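Colleague: Provided herewith is a single structure, encoded as structure tokens, for subsequent inquiry.
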RNA sequence: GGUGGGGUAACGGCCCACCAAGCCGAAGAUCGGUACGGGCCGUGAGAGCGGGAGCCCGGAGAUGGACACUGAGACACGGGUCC
RNA sequence: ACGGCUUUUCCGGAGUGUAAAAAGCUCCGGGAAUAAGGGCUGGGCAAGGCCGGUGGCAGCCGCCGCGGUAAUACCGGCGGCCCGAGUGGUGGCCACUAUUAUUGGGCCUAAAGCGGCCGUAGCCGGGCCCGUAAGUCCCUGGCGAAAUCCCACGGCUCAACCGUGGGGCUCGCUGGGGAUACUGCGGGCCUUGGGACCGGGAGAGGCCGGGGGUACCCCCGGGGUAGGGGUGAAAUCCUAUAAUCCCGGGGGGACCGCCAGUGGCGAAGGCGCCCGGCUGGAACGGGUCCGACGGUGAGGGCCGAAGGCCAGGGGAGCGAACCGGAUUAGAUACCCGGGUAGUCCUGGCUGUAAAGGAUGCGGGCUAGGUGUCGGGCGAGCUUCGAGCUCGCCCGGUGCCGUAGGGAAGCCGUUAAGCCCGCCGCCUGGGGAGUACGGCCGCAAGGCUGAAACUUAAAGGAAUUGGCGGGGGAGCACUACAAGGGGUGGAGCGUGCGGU
RNA sequence: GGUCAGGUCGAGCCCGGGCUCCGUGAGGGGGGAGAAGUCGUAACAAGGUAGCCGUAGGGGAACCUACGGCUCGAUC
RNA sequence: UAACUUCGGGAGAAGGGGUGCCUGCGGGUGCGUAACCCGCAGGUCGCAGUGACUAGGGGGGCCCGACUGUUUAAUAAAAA
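Residue numbers (the deposited numbering), protein chains in the order written: chain Aq, 2 to 158; chain Ai, 2 to 130; chain An, 2 to 145; chain Bh, 1 to 36.
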């Protein structure tokens, strides 16, 4: 069930079993990488880049194409972006959570009596702390890194 | 959340047998589940079983022949020696040599009878009778 | 509601602590460990005690029973505590006088307490003046 | 005060609300007598 | 805990002179209650619960404390000094 | 009862025995001679429907329970049943007790799920590949004194006892070799669990600002006279200083009528007039992104109806306390007129409810049927409507019900069924949520929390009856309604109570 | 081995502060047992004003009232 | 370093140890071996080292008034 709301929502994507790219894809792996890079330059996040590739360009998923530089792995949006040096400095989901947390704090300071929104902020910060702990364990971010709203203001800015 | 696929599969098999089903699906699949199914088929407690790939852990399709009285995983997986099998047999089975205790040993997973024949111990992973 | 926990292989510490915690809800175990009975036992854990008869009294049988049960007040030589001892027998009371040396013994009852329809009495007289009360009442011996 | 729902039943007993009020009165009297 | 020494039959904060802030603890320190520990015994189908005086091994005591002499061995139940 | 036999044991002797004795062992003489008691007798539990004594007194009774003038239950006699050199009484330990539950207990209604959620240690943790072997399993050396324990043989007549061999016990420690299925550890690759993001929609989910709805209360101006209000009936009360009632205006303070629903949203408490701004969560459709980031969570943090308290405003209607009028034997109440705190707003504290689904939370599986809310898909209608109807999928919210579960009531894919996890709570009823101790709060109060003593029961579900100032159906001149004659007032006949 | 000085171990005694336990002490508080006591009738039926939980205030005593809540509440 | 408490206090509660002179070092501010102050080691004398001078006695119950303050100049300073 959901982490907090505790209700079972089984809505999601139904990926068919595949082992190779479709035969009707009109772009090569190099062209796919170029499209990913140009979209990232435009400014879309990884999820948006994947959605745009699926919709406009008819690319079901970059994960289907093998990695030309490492035969032991398949391609990925983040892997391509880090190959070109465009990978996000901070994980995207954590950054999104921090951004909306600082926005919620801005709202709460003006509306101190919004206790329900305060509880929402508490849940958001709990999610942020969980992700921070996981990223520290995996070594993605420095061990001395800590979440503090005052610094998060500048980080979001 | 999901913790013991083996226990889930064995409980599902038991419930399906009680209801009188002829076919069952086990998900997620694993090598341990595959080997346990192999042992059960060897001893004749189940019928034909096959593996199905779906881009995920995989699924097992199993035919039930209405021969299982009760199958269940053992938790915690108690270690056991060659000479310390009678107490577990009494605990988990109705009579002597009635069912089988599926044990994971250093030479693969096998029934406690095969383990005693080979003169080795292991850890009790399941039982079925 | 839910599988009783803990059940892990490495949860022996928690299981032991749970058992230790919940063993205190058992009255018998708590009493035995704290030695509560010996703290307030007039006999100090002795099977029998000795005392001097102070006076002879009677009590009323509980409802619906009706009758006079004749007992004595005995002062223990161990610590001077005063207790009530029932006299068993059809005419046991007349065989006991004041300032007599008697031996009292627990009265068979639930939880080693009172018996029958006479609560408040926990002991019965066995020997008076170093002579068996049963023998005296039955008539085989003379009171010294 | 702790909850003993078995006490709310009125079979052969006074109302628990008023027993509770009386107990509070007794506690307050004892506290006054002690001088707290 | 360290450095340098004393003492011991022996290593040791055992003690001494100086240098540091170390060491223990909710996995229960400290404090309080109880108790000589074990081989074993009583009970139960077993898991287990309870006791651990008599026989064996080890430890302490000789009215309550504190001290020394002789000897390989004692600060000594039928040896010594003081309260 | 008669006729025979033995001397285990007792008594007296001879040897042997002993350091010397004694005890034992062989033998001679006399002889059934020298030797059975304790509890119990109503059930549990084997044993009396026998006689005498006592008549709620003596007494018995571990528990149930007997005894009040026919006692199988007390005392005594005669019988009998158990064990037997033993048999009874009292205290303690174990089983009884799955009433301590790892094996292996419970928590809707009987004891018990924190009022609710977030989360730290701990515990439990998706699939595949490679590597090490810490846990684990197998083999082999050094140990774990003896006595004690079990088996066989041998010596005291067998046995108890002891000796000779084998095994076990000391819950285990340690030196090495072999395996990597599982767990641990290091590395690699995945998407199923959980998160992030986009799209059209749903909702009394919150906070802020603006605009309204009648209704109610007060005041003024006009009309209009005598009652108004209230109860079972009255009274208090308002009213000639013009009440109640109708009309034209002004002021104020709370609440959003029907629509409204087993409807929706929120973790819970709770949230319903309309437009605008800020904001939390969830469902649906997603070949979108990360790649186990997850579950529960002792300590700890936040929220939390009503009521209460502190400071400042407000106060229409209701209304604890209080003052009056009624009823009653009394009425400190129910009933009726007034009424303070409070109920409302702005900053705080309190942290309490039958805070209840009396049901903790996440996961897999176990027939259906039928209502309704949100979303998506297909088809047919359409007045082309964000409209209507049918079917299907996921997520919510109700009812019936199969398998099965339960003491039953009842639950039954929204489990109270089976399985894998985590925390909290219960161990007969009172004493008692009390006493003492400690922390928190201004206070009220909140949290933690026993013993002495007492008790055989307390408690739950359900059945038959009986009752109800419960609902129905009927019936009756020992009921009524409509009637006729009477008794109750006087004298006397007769029968009762009293003297 | 006597005397003086110094250094150590240290019994015993006195004083102050703790901790644990034990005894009693005028009077007071509630608790449990008791037999046929006095006052009223609070609960069980719609128990005669439905019962019950939070809080608050009153009353000889069971009890009464106000705000919010549950049905473990009958009849329509 | 106690009961109590209005948490401010009670409090210098109570109670215990030291204190002279001489010979040398270390430390603070300081340019300084200027000036002021703070420790350390050793030797030594007396009955006594704040040696004179200066310089609190303390604790436990009860009544009254909360406290600071004022009052009968010339017998009452108090609970008024």
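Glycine included, every Cβ here is placed at the ideal spot set by N, Cα and C.
With a threshold of 16 other CB atoms inside 10 Å of the CB of residue 153/Aq, please say whether the residue is buried or exposed.
Modeller: Residue 153/Aq should be labelled buried.
Colleague: Could you check whether the Cβ of residue 76/Ai sits closer than 9 angstroms to any Cβ belonging to chain An?
Modeller: Residue 76/Ai counts as touching chain An.
Colleague: Beta-carbon of residue 146/An versus every beta-carbon of chain Ai: anything under 9 angstroms?
Modeller: Because chain An here runs from 2 to 145, residue 146/An falls outside it and cannot be looked at.
Colleague: For residue 7/Bh, count neighbouring C-beta atoms within 10 Å of its own C-beta (all shown protein chains included) and say buried if the count is 16 or more, exposed if not.
Modeller: Exposed: under 16 other Cβ atoms inside 10 Å.
Colleague: Using a beta-carbon distance below 9 angstroms, is residue 56/Ai in contact with chain Aq?
Modeller: Output row for residue 56/Ai: interface = yes.
Colleague: What residues from chain Ai crowd round residue 45/An, counting only those whose CB sits closer than 9 angstroms?
Modeller: Neighbours of residue 45/An on chain Ai: none; closest Cβ ~46 angstroms, over 9 angstroms.
Colleague: Using a cut-off of 7 angstroms between C-beta atoms, extract the partners of residue 18/Aq located in chain Ai.
Modeller: Chain Ai residues near residue 18/Aq: 54, 55 and 56.
Colleague: Which of helix, strand or coil does DSSP assign to residue 93/Ai?
Modeller: Helix at residue 93/Ai.
Colleague: Using a Cβ-Cβ cut-off of 7 angstroms (strictly less than) and excluding sequence neighbours within five positions of residue 16/Bh, which residues of its own chain qualify?
Modeller: For residue 16/Bh, where only same-chain residues beyond five positions count, the Cβ hits under 7 angstroms are 7 and 8.
Colleague: With 16 as the cutoff for other CB atoms within 10 Å, does residue 117/Aq come out buried or exposed?
Modeller: Classification for residue 117/Aq: exposed.
Colleague: Just confirm the distance between the C-beta atoms of residue 126/Ai and residue 83/Ai, as a whole number of angstroms; I'd bet it's less than 8 angstroms.
Modeller: So it is not a contact: roughly 17 angstroms between Cβ atoms.
Colleague: Relative to chain Ai, which residues along the region 5–38 of chain An have a C-beta separation below 8 angstroms, given in chain order?
Modeller: Those would be 8, 9 and 10, in chain order.
Colleague: If you draw a straight line from the alpha carbon of residue 73/An to that of residue 134/An, how long is it in whole angstroms?
Modeller: In a straight line, the C-alpha of residue 73/An is about 14 angstroms away from that of residue 134/An.
Colleague: Can you check DSSP and say which residues form a bridge with residue 75/Aq?
Modeller: Paired residue(s): 67/Aq.
Colleague: What first and last residue would you give for the beta strand (DSSP E) that runs through residue 123/Ai?
Modeller: 123–129 is the extent of the beta strand (DSSP E) around residue 123/Ai.
Colleague: Decide if residue 112/Aq is buried, meaning its Cβ has at least 16 other Cβ atoms within 10 Å, or exposed.
Modeller: Residue 112/Aq comes out exposed.
Colleague: Note down the Cα distance separating residue 135/Ai from residue 90/Ai, rounded to an integer number of angstroms.
Modeller: The displayed coordinates of chain Ai run from 2 to 130. Any statement about residue 135/Ai would go beyond what the structure contains.
Colleague: Would you report the Cα separation of residue 117/An and residue 62/An, rounded to the nearest angstrom?
Modeller: Cα to Cα, the separation comes out at about 9 angstroms.
Colleague: Could you give the first and the last residue of the continuous beta strand (DSSP E) run that contains residue 59/An?
Modeller: Residue 59/An -> beta strand (DSSP E) spans 49–61.
Colleague: Report back the beta-carbon spacing between residue 144/An and residue 132/An to the nearest angstrom; my notes put them in contact at under 8 angstroms.
Modeller: Confirmed, Cβ separation roughly 6 angstroms.
Colleague: With burial defined as no fewer than 16 other Cβ atoms inside 10 Å of the residue's Cβ, what is the status of residue 104/An: buried or exposed?
Modeller: Looking at its Cβ environment, which holds 16 or more other Cβ atoms inside 10 Å, residue 104/An is buried.
Colleague: Would you kindly report the start and end of the unbroken beta strand (DSSP E) that includes residue 86/An?
Modeller: Unbroken beta strand (DSSP E) run through residue 86/An: 83–87.
Colleague: State the start and end residues of the unbroken beta strand (DSSP E) segment that holds residue 40/Ai.
Modeller: It is not in any beta strand (DSSP E) - residue 40/Ai instead sits in the alpha helix (DSSP H) that spans 32–43.
Colleague: For the beta strand (DSSP E) that contains residue 2/Aq, what are its first and last residues?
Modeller: No beta strand (DSSP E) contains residue 2/Aq, which DSSP labels as neither H nor E.
Colleague: By Cβ distance, which residues of its chain are closer than 8 angstroms to residue 70/Aq, with the 5 residues on each side in sequence left out?
Modeller: If we look at residue 70/Aq and ignore the five residues flanking it on each side, its Cβ neighbours are 84.
Colleague: Can you tell me which of the three DSSP states residue 63/Ai falls into?
Modeller: DSSP places residue 63/Ai in strand when its eight states are reduced to three.
Colleague: Would you decide whether residue 61/Ai is buried or exposed? Buried here means 16 or more other CB atoms lie within 10 Å of its CB.
Modeller: Buried, because 16 or more other Cβ atoms sit within 10 Å of the Cβ of residue 61/Ai.
Colleague: Is it the case that the Cβ atoms of residue 130/Ai and residue 71/Ai are separated by a distance below 9 angstroms?
Modeller: In this structure, residue 71/Ai lies closer than 9 angstroms to residue 130/Ai by Cβ.
Colleague: Please determine, among 119/An, 100/An, 101/An and 102/An, the residue with the shortest C-alpha to C-alpha distance to residue 108/An.
Modeller: Comparing Cα positions, the closest option is 119/An.
Colleague: Assign residue 159/Aq to one of three DSSP states: helix, strand, or coil.
Modeller: For residue 159/Aq there is no data in the structure shown, the boundaries of chain Aq being 2 and 158.
Colleague: Starting from residue 152/Aq, follow the alpha helix (DSSP H) in both directions and report where the run begins and ends.
Modeller: First-last of the alpha helix (DSSP H) with residue 152/Aq: 150–157.
Colleague: Could you tell me the alpha carbon to alpha carbon distance between residue 132/Aq and residue 26/Bh, rounded to whole angstroms?
Modeller: Each residue's Cα considered, the two are about 56 angstroms apart.
Colleague: Please report the Cβ distance between residue 46/Ai and residue 27/Ai, rounded to the nearest whole angstrom; I am assuming they are in contact, meaning their Cβ atoms lie under 8 angstroms.
Modeller: With a Cβ gap of about 14 angstroms, residue 46/Ai and residue 27/Ai do not count as contacting.
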